[PDB]
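Observations on the model geometry
Residues per chain, in single letters:
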Amino acid sequence: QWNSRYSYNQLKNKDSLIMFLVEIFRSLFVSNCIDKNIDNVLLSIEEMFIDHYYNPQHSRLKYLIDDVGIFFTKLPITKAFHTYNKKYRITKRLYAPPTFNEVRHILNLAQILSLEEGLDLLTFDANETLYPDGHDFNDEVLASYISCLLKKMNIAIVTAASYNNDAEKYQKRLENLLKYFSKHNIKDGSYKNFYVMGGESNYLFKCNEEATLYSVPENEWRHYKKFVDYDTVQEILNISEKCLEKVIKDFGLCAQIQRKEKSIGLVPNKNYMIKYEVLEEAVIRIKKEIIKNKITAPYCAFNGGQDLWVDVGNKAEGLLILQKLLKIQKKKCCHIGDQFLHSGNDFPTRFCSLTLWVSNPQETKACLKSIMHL
Amino acid sequence: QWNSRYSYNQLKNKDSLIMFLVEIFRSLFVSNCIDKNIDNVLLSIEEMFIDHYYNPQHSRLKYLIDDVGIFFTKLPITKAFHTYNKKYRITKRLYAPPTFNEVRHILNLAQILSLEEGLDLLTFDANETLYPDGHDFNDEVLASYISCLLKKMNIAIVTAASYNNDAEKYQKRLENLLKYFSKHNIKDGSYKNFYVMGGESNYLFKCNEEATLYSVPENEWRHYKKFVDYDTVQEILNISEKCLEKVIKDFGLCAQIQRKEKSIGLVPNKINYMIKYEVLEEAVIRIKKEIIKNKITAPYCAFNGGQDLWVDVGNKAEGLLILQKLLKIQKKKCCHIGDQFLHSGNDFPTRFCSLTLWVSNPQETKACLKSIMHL
Amino acid sequence: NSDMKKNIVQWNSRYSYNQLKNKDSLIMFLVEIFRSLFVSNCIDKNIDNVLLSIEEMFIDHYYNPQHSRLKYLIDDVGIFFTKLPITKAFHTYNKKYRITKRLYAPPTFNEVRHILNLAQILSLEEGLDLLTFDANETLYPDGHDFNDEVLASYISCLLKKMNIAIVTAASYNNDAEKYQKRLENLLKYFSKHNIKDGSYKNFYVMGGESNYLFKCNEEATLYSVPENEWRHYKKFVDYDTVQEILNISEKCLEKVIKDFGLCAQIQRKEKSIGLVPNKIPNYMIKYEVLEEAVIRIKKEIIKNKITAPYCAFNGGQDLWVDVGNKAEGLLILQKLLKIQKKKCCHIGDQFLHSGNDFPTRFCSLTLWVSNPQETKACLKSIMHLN
Amino acid sequence: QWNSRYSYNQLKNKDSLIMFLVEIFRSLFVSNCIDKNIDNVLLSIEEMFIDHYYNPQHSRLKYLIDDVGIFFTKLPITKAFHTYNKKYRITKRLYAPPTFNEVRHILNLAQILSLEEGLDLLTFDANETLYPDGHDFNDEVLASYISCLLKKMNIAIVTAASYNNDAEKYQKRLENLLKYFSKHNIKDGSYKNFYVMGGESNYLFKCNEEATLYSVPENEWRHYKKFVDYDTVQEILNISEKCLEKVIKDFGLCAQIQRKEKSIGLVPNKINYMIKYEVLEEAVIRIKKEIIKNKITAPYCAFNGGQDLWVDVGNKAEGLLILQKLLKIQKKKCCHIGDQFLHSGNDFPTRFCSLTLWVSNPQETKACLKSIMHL
Ligand SMILES: O=c1[nH]cnc2c1ncn2[C@@H]1O[C@H](COP(=O)(O)O)[C@@H](O)[C@H]1O
Ligand SMILES: O=c1[nH]cnc2c1ncn2[C@@H]1O[C@H](COP(=O)(O)O)[C@@H](O)[C@H]1O
Ligand SMILES: O=c1[nH]cnc2c1ncn2[C@@H]1O[C@H](COP(=O)(O)O)[C@@H](O)[C@H]1O
Ligand SMILES: O=c1[nH]cnc2c1ncn2[C@@H]1O[C@H](COP(=O)(O)O)[C@@H](O)[C@H]1O
Ligand SMILES: [Mg+2]
Ligand SMILES: [Mg+2]
Ligand SMILES: [Mg+2]
Ligand SMILES: [Mg+2]
């Protein structure tokens with residue numbers, strides 16, 4: 001439950017864990033000792049993550065960084081640096097320090113090597129991770145990566161997009177993907193291990209034998225999802241719809257509100273861009289009102305791209321349902337997404353699964369390629 | 001004044017003038033007094049900007065903000081903040097503080113309202129401000145705004161691209177711009193008021209009357225440029241190329257070295273593979289540091305082009321300095337518009353000789369021209 | 001916040017290196033605003049534009065301490081037991097020192113600490129009923145006895161109008177004569193000006209931190225209070241658990257002398273362990289090792305899963321832990337004389353984390369004072385209320 | 001040489017080089033690798049200290065730290081770290097990082113270990129480094145150190161005190177030290193190698209075989225002092241006096257102004273009523289900006305004492321250069337010990353012409369002299 005946590009310091013600072021490694025790397029780079037054997041510094045950092053893995057409530061990493069997440073695996077940050085260093089030679093610089101984005105690459109690679117025991121579940125944030133904002137799947141190169149990985153693991157698609165239990169509009173969003181599944185996975189027995197998650201934990205779809213997605217009976221997973229009052233989801237939405245009107249009235253912008261079942265959010269109409277900071281304001285506006293009305297149901301409000309949405313689902317709950325349904329632990333569960341800020345919908349997955357922060361679908365092909373290289 | 005500001009604080013920290021205003025606005029944000037009449041705070045900020053225009057090296061603003069730019073005009077920051085807030089209502093925010101890009105637009109509007117004495121020269125960075133990087137000018141709304149300004153004052157195009165003294169290749173880069181000039185900027189005497197600067201300050205061009213750009217000779221304006229012989233420019237070309245060859249080997253990049261007269265470059269090729277943004281910063285400082293090792297004082301410029309590196313023996317500030325010496329216009333009535341206003345960019349040296357407007361994409365240039373015409 | 005068992009559990013376990021880096025989160029919140037106000041040059045003009053809006057959040061935090069904008073900005077705000085008039089506190093403090101005429105030197109942390117104390121004093125418009133004093137370093141130098149006629153005159157006049165107590169950390173088991181020798185000049189002034197009034201019955205002394213209690217006699221002598229009168233208010237602690245705390249602490253004071261080789265000794269008491277330095281033929285112990293050791297003590301106590309109320313603190317040149325804290329001492333006094341929290345104040349010098357008087361901010365108004373010279377300025381302004 | 005400027009960012013961080021080491025030591029303390037073999041980091045910092053000694057203008061230490069000074073000697077920062085660590089074990093700390101003041105002891109120890117080549121001139125700030133502010137000399141343990149050090153090198157006392165060229169006034173400050181010289185430093189000729197400087201570079205005294213000071217002839221050393229005429233000394237004295245008269249009114253000070261030939265200051269009334277340290281730091285920058293506004297270029301110094309402020313015609317750096325030219329001593333063989341090395345102190349300009357030990361009490365000076373004698 002991260003609804004209450006939305007500290008001002010938790011917003012202005014980018015990421016507490018990644019900046020923790022940058023500032024240490026900055027001091028190392030400044031001392032002109034970055035290119036020498038820095039395993040003495042990296043291993044002490046590597047040991048700290050281990051101590052946090054064992055005692056996440058009283059480790060020294062907790063005393064330094066107060067708002068750390070929970071580590072599910074032993075992170076070989078020493079091996080992650082050498083592997084990333086020898087490739088790009090980022091250490092060869094003498095005037096440019098390491099960048100936040102580079103340490104995020106090193107942090108992502110450290111969570112991949114920690115899967116030396118294996119990996120059972122792998123989920124993707126279909127939007128901005130597989131294809132740009134709203135575009136359809138057309139990259140045939142990474143479709144081969146997902147098909148080969150499905151033969152040895154479960155593959156799920158968890159996206160905040162909602163189409164209200166209509167397993168036909170999701171076809172056009174993935175038609176090129178299932179086309180590759182019919183050519184390779186249909187003969188194999190792995191096609192039954194591919195699942196599609198709509199809404200954020202409200203619509204689930206499987207995969208038949210003809211490379212098409214179909215709905216799942218509600219009785220097969222209604223018990224796994226902690227159920228929620230019919231009327232409470234309406235109150236959450238009614239609160240938001242009132243908050244967005246104030247936002248559109250408080251800031252004269254060219255957008256309108258869109259209403260759905262168990263999800264709403266404003267979308268700019270023909271489109272005229274809305275300032276990124278305003279959508280940040282609207283998330284904290286909606287959250288503080290949900291806390292005021294003492295609502296405890298799982299919800300989410302994210303600032304993805306140039307459109308704001310509020311779902312009565314949770315991307316972490318969708319990860320929790322599949323783990324409880326497929327009998328998969330958290331240490332053998334991964335997720336790939338882009339909205340990993342405090343106002344993003346992929347951040348809750350840090351509480352129940354390993355995470356990989358990605359900025360563009362190209363980095364996912366770099367992620368999946370390094371996965372099966374083991 | 002050689003570029004000696006290759007400091008670690010210059011790379012790590014952002015613009016000193018903008019972040020100075022952001023921190024004050026954040027304290028006005030957390031104090032919950034942002035929405036109330038903050039003119040008492042905004043008037044004192046102007047009081048510092050006025051005194052800095054008089055004593056730039058002894059002002060209280062220089063004591064607070066070091067390495068601060070030079071204000072050629074008195075900046076009306078109180079008006080600019082009022083009119084910006086009315087446009088976008090940034091102040092009504094309760095949980096998001098004023099950001100960096102907003103203050104960039106506020107200082108741009110402040111530097112636009114400062115032109116009460118009149119504008120006499122506009123300069124435009126070609127790539128990334130008039131059209132995307134590596135594109136030809138394809139816009140009719142922008143060319144219509146420029147046509148009206150061309151009758152009021154002189155307009156010039158100062159770019160970093162370089163085709164060796166070929167006016168046919170320059171008109172190809174902005175075809176639809178001369179097309180609009182041929183329809184509305186011929187009957188008036190403004191067609192003799194348009195200029196184009198190739199390289200960075202090495203090739204000068206002008207517009208002939210029959211809808212096509214032509215190249216001006218060298219002997220007419222070479223005396224205004226600083227005298228740098230052909231041997232020194234080639235050593236700058238050589239010590240650079242030796243530094244790039246280190247960068248290709250050091251980081252193993254699929255990058256090519258483009259060599260031309262008075263310019264060295266670093267361009268990749270598709271099998272375009274993207275060089276890492278940070279090795280460009282590292283390679284620029286390597287070339288700048290290597291040049292001053294040999295005690296060179298020739299006006300050069302090494303910059304990062306977002307996706308590539310280029311080192312020109314011309315200075316984008318020299319081009320503005322050349323046109324100021326040709327048209328007999330003081331630095332108070334000269335303005336520049338560019339996207340490379342970081343320490344690694346090439347539009348930054350224009351802070352030393354002209355008013356500067358910071359822009360990130362062509363859509364903001366059109367918004368800057370509309371506001372600059374309602375005067 | 002919640003009951004005192006919840007706040008003490010977080011105070012001795014939820015510390016952070018970032019939080020311990022900044023002395024106070026609330027005072028630093030005002031320094032950044034005044035810094036930008038000083039940097040914006042607009043500080044010397046009429047800044048009621050900005051100050052009034054700071055009060056607005058201070059009032060909103062008094063009515064809603066858990067979901068206020070002040071709790072959004074500062075994550076670890078305490079709980080305001082009253083409405084702080086920071087606008088009048090700024091005007092009154094500035095009209096005296098005129099710190100706003102400075103052009104090249106911003107306001108400092110210690111100055112905003114003074115203004116915040118004056119704001120907490122002006123907030124006692126509803127009256128005051130209890131006033132407690134950290135004895136050492138606020139009533140007299142560290143380790144000294146009471147010796148200030150100006151301070152005795154202020155406490156005596158306040159004693160006739162309200163109850164007076166002294167919460168210290170010095171732990172003499174039950175020898176009131178040893179406490180009397182520390183304040184003999186204070187009871188001497190009380191004998192000449194307070195026996196005529198019935199105010200000497202309103203004077204109390206708290207030995208250790210909430211472990212021993214004494215009251216003043218009609219003969220100006222200090223006497224022990226019967227334990228059957230107040231032992232029930234204190235949260236009881238098992239004799240096995242207290243010796244568990246003293247032993248687990250005593251072990252680290254040997255490890256800190258082995259790591260750092262200090263010429264220091266370890267004093268062990270019932271419900272008290274100490275780390276004192278040796279004489280010169282007094283040796284000086286570094287301040288950071290003392291801060292380091294307190295974190296070591298606190299870190300080790302939670303590792304052994306002890307949840308009893310304790311207080312590891314830094315005494316400038318000393319390091320002690322006591323089974324009990326000053327917040328428990330205030331609770332017992334508040335339960336004894338039936339006094340609401342809003343009409344109780346406490347003056348001390350150790351208001352940092354790993355400090356002595358820090359738990360007081362959870363159940364009373366607090367004044368952060370550096371030396372007895374500053375203590376007079378607090379009581380002199382307190383007498384100016386009526 | 002000229003006295004440089006300052007920024008508000010530079011006034012906050014007392015010493016950039018010390019602060020440059022704390023942030024590195026913090027991340028070492030933060031990485032959990034502080035107590036391990038960190039020699040690889042210590043040797044690399046030395047590599048920058050060495051490369052800055054050989055090439056002070058273009059070094060990576062100059063690129064990282066802008067306001068870095070001139071290293072007259074190679075600084076062995078690695079051995080100074082182990083030596084200070086083995087004494088206090090500040091590295092075994094698990095929850096408190098190394099502090100600013102501990103690195104000061106390390107930088108002082110690193111500058112002491114750099115004197116393996118030898119010393120030729122030792123200089124002491126009399127006030128606050130030899131005795132408390134305004135007290136006569138009274139220590140035999142420190143007198144034995146100065147006496148034993150007067151044998152091997154020249155020792156001078158450079159203090160901002162100013163008694164009008166009469167040795168008796170200065171002697172009352174150094175009475176117990178001179179009586180120790182008669183017992184130990186008269187049988188040889190070591191008393192002839194002792195010097196005392198009244199003011200920053202105005203008054204000079206030598207020791208006599210009777211353990212007594214005498215004013216040296218002005219003709220024997222005044223040619224090294226950069227001449228400053230009566231009109232220029234009085235303009236600094238007046239421009240200062242006007243600043244203090246406003247500082248008294250602005251803050252309602254209970255203080256007075258004292259005027260001397262070549263000197264002026266602000267002292268509190270006798271009662272010794274405390275005067276705020278902040279308004280003292282404010283009066284420095286008030287006068288310093290006012291002096292540069294009137295284009296004054298004479299050597300001057302406005303410093304902030306413990307309980308008072310003073311402005312003197314001359315700086316301790318020029319006083320050192322007088323003695324360096326007097327006894328023909330090279331720069332790399334000079335050393336100085338002072339208490340106020342902040343940007344508003346009389347001992348800061350020493351960094352431009354000598355090595356420096358930064359202390360804060362006479363007990364730390366003994367720790368410096370004991371470590372110096374044990375080489
Ligand atoms: O309720 C929904 N209905 C339709 N689209 C949505 C809904 N919620 C989010 N979206 C959009 O669909 C995408 C889902 O975000 P994701 O978590 O990155 O996949 C984003 O582009 C959202 O703006
Ligand atoms: O000398 C040149 N020859 C060819 N291309 C260049 C040359 N110099 C710069 N460029 C490229 O053209 C762009 C023009 O930059 P701009 O016009 O300053 O925005 C640069 O960013 C480079 O990509
Ligand atoms: O339990 C104890 N018994 C005796 N002396 C103590 C004890 N605890 C702390 N001290 C010392 O007595 C001082 C009194 O602390 P204070 O009165 O809380 O300021 C401390 O700063 C320590 O030097
Ligand atoms: O010119 C002066 N005449 C008399 N006393 C002075 C003069 N200048 C400074 N002082 C005092 O002597 C002290 C010398 O400090 P020092 O610079 O550390 O030697 C100052 O802090 C003042 O108290
Ligand atoms: Mg996404
Ligand atoms: Mg550009
Ligand atoms: Mg105390
Ligand atoms: Mg001194």
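Residues numbered from 1 in each chain as written, not as in the entry; some residues may be left out. Chains lettered and ligands numbered in written order. Heavy atoms only, no water. Residues with missing side-chain atoms left out of burial classes, pairs and counts.

As documented in the archive entry, the model was determined using X-ray crystallography at 3.500 Å resolution.

Quick reminder of the rule: UniProt positions are given in the numbering used here, feature names are shortened, and annotations may be inferred rather than shown by experiment.
Chain C carries the name IMP-specific 5'-nucleotidase, putative in the PDB entry, which gives Plasmodium falciparum 3D7 as its organism. If you open the UniProt record of chain C and go to Function (literature references left out), you find "Specifically, catalyzes the dephosphorylation of inosine monophosphate (IMP) into inosine. By dephosphorylating IMP, plays a role in the purine salvage pathway. Does not have phosphotransferase activity with IMP as phosphate donor and adenosine as phosphate acceptor." Regarding chain C, the relevant UniProt record gives this comment under Sequence similarities: "Belongs to the ISN1 family."

The name that the PDB entry assigns to chain A is IMP-specific 5'-nucleotidase, putative, with the source organism given as Plasmodium falciparum 3D7. Reading the Cofactor entry of the UniProt record for chain A gives the comment "Mg(2+)". Quoted verbatim from the Sequence similarities field of UniProt, the annotation for chain A is "Belongs to the ISN1 family."

1. Re the sheet that holds strand β9 (residues 309-312) of chain B
All names here are of chain B. Just so we agree on the cut-off: In this description, strands pair whenever DSSP reports at least two bridges between them. Put simply, DSSP H or I for four residues or longer makes a helix, DSSP E for two residues or longer makes a strand, and each gets a number counted from the N terminus. Lines fitted to C-alpha atoms define the axes here, with helix axes fitted over just the stretch in contact, and angles between the N-to-C directions of these axes take values from 0 to 180 degrees. Residue contacts follow a heavy-atom distance rule, with two residues in contact if any of their heavy atoms lie within 4.5 Å.
Spatial strand order, β6-β7-β9-β8: 4 strands in an open sheet with antiparallel pairing. The outermost strands of the open sheet, each flanked by one partner alone, are β6 (255-260) and β8 (301-304). Strand-to-strand twist of the sheet, defined as the mean angle between neighbouring strand axes without regard to direction, takes the value 15°. Looking at chain direction, β8 and β9 are connected through 4 bridges and run antiparallel. The residue bridging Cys301 from the neighbouring strand is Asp312, located in β9. Helix α10 (residues 230-251) rests against β6, β7 (263-268) and β9 of the sheet, and its axis sits at about 175° to β6. Against the sheet, helix α11 (residues 277-293) contacts β8 and β9, and its axis sits at roughly 175° relative to β8.

2. Structural notes on the interface of chain B and chain A
Facing the 25 residues of chain B at the interface are 28 residues of chain A. Of all elements in the fold, only α1 (8-12), α2 (16-30), α5 (77-88), α10 and α11 of chain B reach the threshold of two or more residues within the side of chain B that touches chain A. A total of 5 residues in the side of chain B that touches chain A trace back to one element, the largest contributor, which is α11(B).

3. Description of the domain arrangement of chain C
By a widely used convention, the size of an interface equals the accessible area lost when the partners come together. All names here are of chain C. Note the following rule: Marked domain ranges trace back to an automatic or database domain assignment. Polar here means any residue outside two lists: the nonpolar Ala, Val, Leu, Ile, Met, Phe, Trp, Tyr, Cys and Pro, and the charged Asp, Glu, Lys and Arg; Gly therefore counts as polar.
As assigned here, chain C comprises domain 1 (4-122), domain 2 (130-235 + 324-383) and domain 3 (239-322). Look at where the C-alpha atoms of domain 1 and domain 3 centre, and you get two points 33 Å apart. Taken together, the contacts link 6 residues of domain 1 with 8 residues of domain 3. Per-class residue counts for the side of domain 1 that touches domain 3 are 4 nonpolar, 2 polar and no charged.

4. Side note on the domain arrangement of chain A
Residues and elements named next belong to chain A. By the assigned domains, chain A splits into domain 1 (9-113), domain 2 (121-227 + 314-371) and domain 3 (230-311). Computed from C-alpha atoms alone, the centre-to-centre distance between domain 2 and domain 3 is 25 Å. Taken together, the contact between domain 2 and domain 3 spans 15 residues of the former and 18 residues of the latter. Its residues placed into classes, the side of domain 2 that touches domain 3 shows 4 nonpolar, 8 polar and 3 charged.

5. Points about the packing of helix α2 (residues 16-30) of chain D against helix α3 (residues 39-54) of chain D
Residues and elements named next belong to chain D. Heads up, the condition is: Orientation is classified from the angle alone, with under 35 degrees giving roughly parallel, over 145 giving roughly antiparallel, 65 to 115 giving roughly perpendicular, and any other angle giving oblique. Helix crossings are classified by the rotation of the near helix relative to the far one: an anticlockwise turn of less than a right angle makes the crossing left-handed, while a clockwise turn makes it right-handed.
At a closest axis distance of 12 Å, the pairing of α2 and α3 adopts a crossing angle of 160°. As summarised for this structure, α2 and α3 are arranged roughly antiparallel, according to the angle between their axes. For the crossing formed where α2 meets α3, the hand is right-handed. Across the interface between the two elements, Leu17, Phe20, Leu21, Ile24, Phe25 and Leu28 of α2 pack against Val41, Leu42, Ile45, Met48 and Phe49 of α3. Taken together, the residues of the contact of α2 with α3 sort by class into 11 nonpolar, no polar and no charged.

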